[PDB]
Each structure stands twice: as C-alpha cells, then as structure tokens.
>>> print(open('data_30.pdb').read())   # PDB, C-alpha atoms
ATOM      1  CA  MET A   1     -45.754 -12.858 -12.918  1.00  0.00           C
ATOM      2  CA  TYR A   2     -43.366 -10.230 -14.267  1.00  0.00           C
ATOM      3  CA  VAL A   3     -40.848  -8.925 -11.800  1.00  0.00           C
ATOM      4  CA  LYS A   4     -39.306  -5.409 -12.011  1.00  0.00           C
ATOM      5  CA  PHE A   5     -35.525  -5.110 -12.337  1.00  0.00           C
ATOM      6  CA  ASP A   6     -35.114  -3.511  -8.878  1.00  0.00           C
ATOM      7  CA  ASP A   7     -36.970  -6.469  -7.475  1.00  0.00           C
ATOM      8  CA  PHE A   8     -34.064  -8.497  -8.796  1.00  0.00           C
ATOM      9  CA  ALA A   9     -31.350  -6.049  -7.818  1.00  0.00           C
ATOM     10  CA  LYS A  10     -32.608  -6.242  -4.192  1.00  0.00           C
ATOM     11  CA  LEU A  11     -30.961  -9.658  -4.007  1.00  0.00           C
ATOM     12  CA  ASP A  12     -27.264 -10.069  -3.373  1.00  0.00           C
ATOM     13  CA  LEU A  13     -26.209 -13.226  -5.156  1.00  0.00           C
ATOM     14  CA  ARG A  14     -22.552 -13.999  -4.434  1.00  0.00           C
ATOM     15  CA  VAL A  15     -20.118 -16.716  -5.333  1.00  0.00           C
ATOM     16  CA  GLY A  16     -18.737 -18.533  -2.306  1.00  0.00           C
ATOM     17  CA  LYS A  17     -16.701 -21.623  -1.391  1.00  0.00           C
ATOM     18  CA  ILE A  18     -17.950 -24.321   0.954  1.00  0.00           C
ATOM     19  CA  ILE A  19     -15.377 -24.678   3.715  1.00  0.00           C
ATOM     20  CA  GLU A  20     -17.241 -27.009   6.063  1.00  0.00           C
ATOM     21  CA  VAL A  21     -20.117 -29.509   5.812  1.00  0.00           C
ATOM     22  CA  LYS A  22     -21.479 -30.721   9.149  1.00  0.00           C
ATOM     23  CA  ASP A  23     -24.623 -32.686  10.016  1.00  0.00           C
ATOM     24  CA  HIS A  24     -27.357 -30.598  11.628  1.00  0.00           C
ATOM     25  CA  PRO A  25     -28.183 -32.300  14.964  1.00  0.00           C
ATOM     26  CA  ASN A  26     -31.903 -31.380  15.137  1.00  0.00           C
ATOM     27  CA  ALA A  27     -32.977 -32.146  11.531  1.00  0.00           C
ATOM     28  CA  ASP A  28     -32.741 -35.364   9.468  1.00  0.00           C
ATOM     29  CA  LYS A  29     -31.836 -34.273   5.872  1.00  0.00           C
ATOM     30  CA  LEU A  30     -30.079 -30.927   6.521  1.00  0.00           C
ATOM     31  CA  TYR A  31     -26.387 -30.082   6.319  1.00  0.00           C
ATOM     32  CA  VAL A  32     -24.903 -27.138   8.153  1.00  0.00           C
ATOM     33  CA  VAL A  33     -22.375 -25.737   5.700  1.00  0.00           C
ATOM     34  CA  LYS A  34     -20.027 -22.825   6.082  1.00  0.00           C
ATOM     35  CA  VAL A  35     -19.443 -20.750   3.002  1.00  0.00           C
ATOM     36  CA  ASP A  36     -16.493 -18.524   2.460  1.00  0.00           C
ATOM     37  CA  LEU A  37     -17.566 -15.267   0.821  1.00  0.00           C
ATOM     38  CA  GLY A  38     -14.062 -13.833   0.871  1.00  0.00           C
ATOM     39  CA  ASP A  39     -14.702 -11.113   3.430  1.00  0.00           C
ATOM     40  CA  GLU A  40     -17.096 -13.069   5.569  1.00  0.00           C
ATOM     41  CA  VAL A  41     -18.083 -16.607   6.481  1.00  0.00           C
ATOM     42  CA  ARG A  42     -21.738 -17.398   5.947  1.00  0.00           C
ATOM     43  CA  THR A  43     -22.835 -20.514   7.741  1.00  0.00           C
ATOM     44  CA  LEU A  44     -26.172 -21.650   6.366  1.00  0.00           C
ATOM     45  CA  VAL A  45     -28.394 -24.711   6.643  1.00  0.00           C
ATOM     46  CA  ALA A  46     -28.822 -26.504   3.294  1.00  0.00           C
ATOM     47  CA  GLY A  47     -30.808 -29.654   2.577  1.00  0.00           C
ATOM     48  CA  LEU A  48     -28.367 -31.574   0.408  1.00  0.00           C
ATOM     49  CA  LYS A  49     -27.693 -34.624   2.543  1.00  0.00           C
ATOM     50  CA  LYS A  50     -30.081 -36.469   0.205  1.00  0.00           C
ATOM     51  CA  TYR A  51     -28.147 -35.506  -2.953  1.00  0.00           C
ATOM     52  CA  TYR A  52     -24.590 -34.706  -1.855  1.00  0.00           C
ATOM     53  CA  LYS A  53     -21.975 -36.402   0.306  1.00  0.00           C
ATOM     54  CA  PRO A  54     -19.796 -33.996   2.339  1.00  0.00           C
ATOM     55  CA  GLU A  55     -16.796 -35.036   0.235  1.00  0.00           C
ATOM     56  CA  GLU A  56     -18.554 -33.621  -2.852  1.00  0.00           C
ATOM     57  CA  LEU A  57     -19.581 -30.260  -1.368  1.00  0.00           C
ATOM     58  CA  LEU A  58     -16.200 -29.362   0.155  1.00  0.00           C
ATOM     59  CA  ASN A  59     -14.111 -26.812  -1.807  1.00  0.00           C
ATOM     60  CA  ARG A  60     -17.011 -26.363  -4.251  1.00  0.00           C
ATOM     61  CA  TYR A  61     -17.777 -22.981  -5.729  1.00  0.00           C
ATOM     62  CA  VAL A  62     -21.480 -22.366  -5.045  1.00  0.00           C
ATOM     63  CA  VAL A  63     -23.912 -19.430  -5.424  1.00  0.00           C
ATOM     64  CA  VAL A  64     -25.639 -18.025  -2.341  1.00  0.00           C
ATOM     65  CA  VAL A  65     -28.328 -15.440  -1.668  1.00  0.00           C
ATOM     66  CA  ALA A  66     -26.059 -13.565   0.722  1.00  0.00           C
ATOM     67  CA  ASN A  67     -28.412 -10.895   1.973  1.00  0.00           C
ATOM     68  CA  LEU A  68     -31.333 -13.170   2.932  1.00  0.00           C
ATOM     69  CA  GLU A  69     -32.627 -12.189   6.412  1.00  0.00           C
ATOM     70  CA  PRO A  70     -30.969 -14.370   9.105  1.00  0.00           C
ATOM     71  CA  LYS A  71     -33.013 -17.317  10.406  1.00  0.00           C
ATOM     72  CA  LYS A  72     -32.985 -19.854  13.219  1.00  0.00           C
ATOM     73  CA  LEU A  73     -33.514 -23.357  11.757  1.00  0.00           C
ATOM     74  CA  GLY A  75     -32.192 -25.675  15.464  1.00  0.00           C
ATOM     75  CA  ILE A  76     -29.150 -23.595  14.401  1.00  0.00           C
ATOM     76  CA  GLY A  77     -28.548 -20.099  12.989  1.00  0.00           C
ATOM     77  CA  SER A  78     -28.657 -19.771   9.193  1.00  0.00           C
ATOM     78  CA  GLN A  79     -28.029 -16.845   6.878  1.00  0.00           C
ATOM     79  CA  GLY A  80     -28.673 -17.133   3.161  1.00  0.00           C
ATOM     80  CA  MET A  81     -29.146 -20.148   0.904  1.00  0.00           C
ATOM     81  CA  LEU A  82     -27.277 -21.995  -1.837  1.00  0.00           C
ATOM     82  CA  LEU A  83     -28.942 -21.993  -5.217  1.00  0.00           C
ATOM     83  CA  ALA A  84     -29.455 -25.328  -6.965  1.00  0.00           C
ATOM     84  CA  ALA A  85     -31.719 -26.316  -9.863  1.00  0.00           C
ATOM     85  CA  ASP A  86     -34.099 -29.218  -9.512  1.00  0.00           C
ATOM     86  CA  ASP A  87     -36.160 -30.898 -12.168  1.00  0.00           C
ATOM     87  CA  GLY A  88     -38.269 -32.708  -9.549  1.00  0.00           C
ATOM     88  CA  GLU A  89     -35.822 -35.563  -9.940  1.00  0.00           C
ATOM     89  CA  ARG A  90     -32.197 -34.507  -9.830  1.00  0.00           C
ATOM     90  CA  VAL A  91     -30.812 -31.580  -7.767  1.00  0.00           C
ATOM     91  CA  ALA A  92     -27.815 -29.681  -9.159  1.00  0.00           C
ATOM     92  CA  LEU A  93     -26.041 -26.785  -7.437  1.00  0.00           C
ATOM     93  CA  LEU A  94     -25.257 -23.657  -9.431  1.00  0.00           C
ATOM     94  CA  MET A  95     -21.603 -22.723  -9.847  1.00  0.00           C
ATOM     95  CA  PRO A  96     -19.565 -20.370 -12.072  1.00  0.00           C
ATOM     96  CA  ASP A  97     -18.124 -21.911 -15.266  1.00  0.00           C
ATOM     97  CA  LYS A  98     -14.656 -20.559 -14.208  1.00  0.00           C
ATOM     98  CA  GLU A  99     -13.115 -19.629 -10.802  1.00  0.00           C
ATOM     99  CA  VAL A 100     -13.653 -16.138  -9.374  1.00  0.00           C
ATOM    100  CA  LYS A 101     -12.716 -14.005  -6.399  1.00  0.00           C
ATOM    101  CA  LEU A 102     -14.777 -15.384  -3.527  1.00  0.00           C
ATOM    102  CA  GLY A 103     -17.680 -13.045  -2.794  1.00  0.00           C
ATOM    103  CA  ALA A 104     -17.982 -12.189  -6.492  1.00  0.00           C
ATOM    104  CA  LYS A 105     -21.221 -10.410  -7.294  1.00  0.00           C
ATOM    105  CA  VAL A 106     -23.671 -12.386  -9.452  1.00  0.00           C
ATOM    106  CA  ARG A 107     -25.775 -10.214 -11.775  1.00  0.00           C
TER     107      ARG A 107
ATOM    108  CA  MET B   1     -29.888  -4.828   3.214  1.00  0.00           C
ATOM    109  CA  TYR B   2     -31.770  -7.941   4.306  1.00  0.00           C
ATOM    110  CA  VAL B   3     -34.271  -9.262   1.831  1.00  0.00           C
ATOM    111  CA  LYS B   4     -37.397 -11.258   2.844  1.00  0.00           C
ATOM    112  CA  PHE B   5     -37.815 -14.783   1.467  1.00  0.00           C
ATOM    113  CA  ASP B   6     -40.867 -13.850  -0.655  1.00  0.00           C
ATOM    114  CA  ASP B   7     -38.762 -11.130  -2.185  1.00  0.00           C
ATOM    115  CA  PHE B   8     -36.595 -13.967  -3.431  1.00  0.00           C
ATOM    116  CA  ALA B   9     -39.427 -16.302  -4.349  1.00  0.00           C
ATOM    117  CA  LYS B  10     -40.842 -13.546  -6.622  1.00  0.00           C
ATOM    118  CA  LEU B  11     -38.050 -14.387  -9.054  1.00  0.00           C
ATOM    119  CA  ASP B  12     -38.282 -17.299 -11.442  1.00  0.00           C
ATOM    120  CA  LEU B  13     -34.754 -18.536 -11.978  1.00  0.00           C
ATOM    121  CA  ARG B  14     -34.704 -21.318 -14.576  1.00  0.00           C
ATOM    122  CA  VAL B  15     -32.088 -23.445 -16.233  1.00  0.00           C
ATOM    123  CA  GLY B  16     -32.006 -23.031 -20.001  1.00  0.00           C
ATOM    124  CA  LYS B  17     -29.873 -23.939 -23.026  1.00  0.00           C
ATOM    125  CA  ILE B  18     -28.484 -21.375 -25.442  1.00  0.00           C
ATOM    126  CA  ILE B  19     -29.662 -22.356 -28.909  1.00  0.00           C
ATOM    127  CA  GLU B  20     -28.549 -19.305 -30.877  1.00  0.00           C
ATOM    128  CA  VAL B  21     -25.996 -16.495 -30.463  1.00  0.00           C
ATOM    129  CA  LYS B  22     -26.370 -13.619 -32.921  1.00  0.00           C
ATOM    130  CA  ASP B  23     -24.787 -10.156 -32.998  1.00  0.00           C
ATOM    131  CA  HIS B  24     -27.156  -7.349 -32.027  1.00  0.00           C
ATOM    132  CA  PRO B  25     -27.142  -4.870 -34.952  1.00  0.00           C
ATOM    133  CA  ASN B  26     -27.733  -1.656 -32.943  1.00  0.00           C
ATOM    134  CA  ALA B  27     -25.293  -2.199 -30.029  1.00  0.00           C
ATOM    135  CA  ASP B  28     -21.516  -2.831 -29.997  1.00  0.00           C
ATOM    136  CA  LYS B  29     -20.877  -5.401 -27.182  1.00  0.00           C
ATOM    137  CA  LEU B  30     -24.271  -7.178 -27.003  1.00  0.00           C
ATOM    138  CA  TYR B  31     -25.220 -10.653 -28.189  1.00  0.00           C
ATOM    139  CA  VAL B  32     -28.789 -11.598 -28.967  1.00  0.00           C
ATOM    140  CA  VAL B  33     -29.086 -15.138 -27.643  1.00  0.00           C
ATOM    141  CA  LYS B  34     -32.021 -17.488 -27.729  1.00  0.00           C
ATOM    142  CA  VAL B  35     -32.465 -19.697 -24.719  1.00  0.00           C
ATOM    143  CA  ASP B  36     -34.413 -22.884 -24.684  1.00  0.00           C
ATOM    144  CA  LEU B  37     -36.434 -23.173 -21.479  1.00  0.00           C
ATOM    145  CA  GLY B  38     -38.005 -26.461 -22.508  1.00  0.00           C
ATOM    146  CA  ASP B  39     -41.542 -25.176 -22.953  1.00  0.00           C
ATOM    147  CA  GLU B  40     -40.619 -21.809 -24.347  1.00  0.00           C
ATOM    148  CA  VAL B  41     -37.845 -19.984 -26.164  1.00  0.00           C
ATOM    149  CA  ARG B  42     -36.603 -16.879 -24.408  1.00  0.00           C
ATOM    150  CA  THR B  43     -34.603 -14.629 -26.659  1.00  0.00           C
ATOM    151  CA  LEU B  44     -32.692 -12.126 -24.563  1.00  0.00           C
ATOM    152  CA  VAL B  45     -29.943  -9.570 -25.107  1.00  0.00           C
ATOM    153  CA  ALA B  46     -26.770 -10.410 -23.147  1.00  0.00           C
ATOM    154  CA  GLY B  47     -23.499  -8.492 -23.080  1.00  0.00           C
ATOM    155  CA  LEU B  48     -20.994 -11.314 -23.414  1.00  0.00           C
ATOM    156  CA  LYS B  49     -19.354 -10.484 -26.721  1.00  0.00           C
ATOM    157  CA  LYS B  50     -16.446  -9.137 -24.645  1.00  0.00           C
ATOM    158  CA  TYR B  51     -15.983 -12.400 -22.701  1.00  0.00           C
ATOM    159  CA  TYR B  52     -17.487 -15.169 -24.839  1.00  0.00           C
ATOM    160  CA  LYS B  53     -17.208 -16.248 -28.464  1.00  0.00           C
ATOM    161  CA  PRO B  54     -20.451 -17.633 -29.959  1.00  0.00           C
ATOM    162  CA  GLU B  55     -18.799 -21.056 -30.210  1.00  0.00           C
ATOM    163  CA  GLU B  56     -18.467 -21.103 -26.400  1.00  0.00           C
ATOM    164  CA  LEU B  57     -22.037 -20.055 -25.557  1.00  0.00           C
ATOM    165  CA  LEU B  58     -23.810 -22.494 -27.895  1.00  0.00           C
ATOM    166  CA  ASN B  59     -25.315 -25.605 -26.228  1.00  0.00           C
ATOM    167  CA  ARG B  60     -24.339 -24.209 -22.810  1.00  0.00           C
ATOM    168  CA  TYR B  61     -26.571 -24.716 -19.815  1.00  0.00           C
ATOM    169  CA  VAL B  62     -27.132 -21.242 -18.341  1.00  0.00           C
ATOM    170  CA  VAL B  63     -29.347 -19.721 -15.610  1.00  0.00           C
ATOM    171  CA  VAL B  64     -31.880 -17.041 -16.537  1.00  0.00           C
ATOM    172  CA  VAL B  65     -34.254 -14.770 -14.646  1.00  0.00           C
ATOM    173  CA  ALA B  66     -37.202 -15.993 -16.693  1.00  0.00           C
ATOM    174  CA  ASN B  67     -39.948 -13.774 -15.364  1.00  0.00           C
ATOM    175  CA  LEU B  68     -38.152 -10.420 -15.753  1.00  0.00           C
ATOM    176  CA  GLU B  69     -40.531  -7.878 -17.373  1.00  0.00           C
ATOM    177  CA  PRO B  70     -39.996  -7.801 -21.177  1.00  0.00           C
ATOM    178  CA  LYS B  71     -37.838  -4.962 -22.535  1.00  0.00           C
ATOM    179  CA  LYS B  72     -36.912  -3.340 -25.831  1.00  0.00           C
ATOM    180  CA  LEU B  73     -33.102  -2.984 -26.030  1.00  0.00           C
ATOM    181  CA  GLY B  75     -32.890  -2.137 -30.513  1.00  0.00           C
ATOM    182  CA  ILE B  76     -34.475  -5.615 -30.188  1.00  0.00           C
ATOM    183  CA  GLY B  77     -36.948  -7.316 -27.829  1.00  0.00           C
ATOM    184  CA  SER B  78     -35.463  -8.964 -24.730  1.00  0.00           C
ATOM    185  CA  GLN B  79     -37.015 -11.003 -21.946  1.00  0.00           C
ATOM    186  CA  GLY B  80     -34.981 -12.049 -18.934  1.00  0.00           C
ATOM    187  CA  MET B  81     -31.235 -12.174 -18.333  1.00  0.00           C
ATOM    188  CA  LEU B  82     -28.482 -14.757 -17.931  1.00  0.00           C
ATOM    189  CA  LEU B  83     -26.777 -14.799 -14.571  1.00  0.00           C
ATOM    190  CA  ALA B  84     -22.983 -14.611 -14.484  1.00  0.00           C
ATOM    191  CA  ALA B  85     -20.580 -13.755 -11.656  1.00  0.00           C
ATOM    192  CA  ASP B  86     -17.993 -11.052 -12.112  1.00  0.00           C
ATOM    193  CA  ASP B  87     -15.110 -10.160  -9.872  1.00  0.00           C
ATOM    194  CA  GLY B  88     -14.562  -6.853 -11.701  1.00  0.00           C
ATOM    195  CA  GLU B  89     -12.061  -8.743 -13.814  1.00  0.00           C
ATOM    196  CA  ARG B  90     -13.337 -12.052 -15.114  1.00  0.00           C
ATOM    197  CA  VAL B  91     -16.989 -12.805 -16.029  1.00  0.00           C
ATOM    198  CA  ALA B  92     -18.257 -16.362 -15.512  1.00  0.00           C
ATOM    199  CA  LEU B  93     -21.755 -17.605 -16.362  1.00  0.00           C
ATOM    200  CA  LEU B  94     -23.648 -19.670 -13.807  1.00  0.00           C
ATOM    201  CA  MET B  95     -24.573 -23.221 -14.772  1.00  0.00           C
ATOM    202  CA  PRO B  96     -25.776 -26.374 -12.969  1.00  0.00           C
ATOM    203  CA  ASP B  97     -23.049 -28.831 -11.885  1.00  0.00           C
ATOM    204  CA  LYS B  98     -25.013 -31.625 -13.704  1.00  0.00           C
ATOM    205  CA  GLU B  99     -27.542 -31.607 -16.610  1.00  0.00           C
ATOM    206  CA  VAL B 100     -31.240 -31.036 -15.893  1.00  0.00           C
ATOM    207  CA  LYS B 101     -34.581 -30.864 -17.653  1.00  0.00           C
ATOM    208  CA  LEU B 102     -34.534 -27.553 -19.505  1.00  0.00           C
ATOM    209  CA  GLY B 103     -36.702 -25.029 -17.671  1.00  0.00           C
ATOM    210  CA  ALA B 104     -35.712 -26.544 -14.321  1.00  0.00           C
ATOM    211  CA  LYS B 105     -36.645 -24.323 -11.408  1.00  0.00           C
ATOM    212  CA  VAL B 106     -33.702 -22.820  -9.499  1.00  0.00           C
ATOM    213  CA  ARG B 107     -34.365 -22.338  -5.775  1.00  0.00           C
TER     214      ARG B 107
END
>>> encode(input="data_30.pdb", output="structure tokens")
Amino acid sequence: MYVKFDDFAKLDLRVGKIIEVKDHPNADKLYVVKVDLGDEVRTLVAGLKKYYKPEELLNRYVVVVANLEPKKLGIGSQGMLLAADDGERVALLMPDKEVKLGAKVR
Amino acid sequence: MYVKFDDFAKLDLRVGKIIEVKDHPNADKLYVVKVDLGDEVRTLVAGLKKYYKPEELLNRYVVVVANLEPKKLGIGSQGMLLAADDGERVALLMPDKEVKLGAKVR
C-alpha cells in the first residue's frame, strides 16, 4: 500500500553504535543493548540472542528508529534496530562507511 | 516527535540489489538506478552521483523504501535508497550479510 513521503519523514532513522549488550532477565531470546547516538544513549530491547553473540554486536554501527514511542518490555526500551530477514537469516543494517554517531538516515 | 509502531510498519523497507546505474538526462547530480527486489525491478532516481561512481553502486546490496508512492522526477521513480549522512559523508545502508533479494527489513 503506497505510503506518502511525509509518512516516511515522520521516522527518525539514525546511525548508532552498540556500547553494551546485556541479557534481559525476564525474556528468553532478548538482548538489552545500549546504543550510542552521539548526543544520547538509547537503550533498547532487541531480539538478536538467537542470531548474534554479544561479541559480534559490540562496537557495531547499527541503524535505529530513534523516535519510536518509549515502551516497557520487563525493562524500558526506546526505539529498535533495523535488520533484514529472509525468513531464514537475520542481518542488521549498517552504513557502508563510518559516520558521525547519530547521523540522520534518509 | 514520537512515532507509533504502526506508523513504522506502514513502510515496506526491503533489501535489493542495484542492477543498473544510468545518468538521468534532465538532472545534474541524479543517477537513475534499477534495483532488483527479487520479484520485481524498482527503478528509482537517487542522488549519488556526487558520492558514488557507477562502478561502486553496481551489484551492491542496498535498502529501499519499496512502497513509496510512485513519482515523476524527468523520469519515473518508485521508492528510495536509504543512506546515512553526517552533513559531510554519505553512506548507503546495507545488510551485514547477504539475503534473499526483497528481504523484509523490520
């Protein structure tokens, strides 16, 4: 279903860096990662335990929907990391080069 | 400004592969690329002439807002490739691993 440009612009996609990956004590397959957006530190709950080992996620440049309305998952989460998934594999999005943390995706 | 989850779900972010990069005769800095979404072939107008040489964009796995309402830019365009930009550099988003073309980003 076609989406209008403003419907896209409403989203604030930013580039961030995962600073901490901790296990979410209150959910089996969720990780509680902290993302560094340069001016702020978004801590969000992401389900990547099944596809990523903490060692892999740390220091990774990821893409997050920064302005997603805060939620309580267990623990407080704000935003989500984007990753593609072809029903089989799950692969996080990332810039092809490094950029100022908090870089606007458009 | 907080965005509701459905406001995010409205968008169809897909992984695609750039099959062709041609110069847009009717605009200085625009490229007219064709993206392979696996089941379809989205041809969209992207302004990357300034940051990417055709040789670099070809065979690249990129992320596109598939369901963006078709537009006439000059030439017909549907959707747009996502790239981060810290006001200086411009870096396309891409999966960290390869995935079925047309893979849903979420």
>>> residues_around(input="data_30.pdb", residues="range 17-31 of chain A", least_positions_apart="4", cutoff="7 Å", atoms="only C-alpha atoms", output="list in words")
residues 35, 36, 37, 45, 46, 47, 48, 49, 50, 54, 57, 58, 59, 60, 61, 62, 75 and 102 of chain A
>>> resolve_selection(input="data_30.pdb", expression="the PyMOL selection byres ((chain A) within 6 of (chain B))", output="VMD selection string")
chain A and resid 2 to 3 67 to 69 83 to 87 92 to 98 101 104 to 107
>>> atom_distance(input="data_30.pdb", atom1="CA of residue 44 in chain A", atom2="CA of residue 32 in chain A")
5.9 Å
>>> atom_distance(input="data_30.pdb", atom1="CA of residue 6 in chain A", atom2="CA of residue 42 in chain B")
20.5 Å
>>> closest_residue(input="data_30.pdb", among="B:71, B:33, B:43, B:64", to="residue 16 in chain B", atoms="only C-alpha atoms")
B:64
>>> atom_distance(input="data_30.pdb", atom1="CA of residue 56 in chain B", atom2="CA of residue 78 in chain B")
21.0 Å
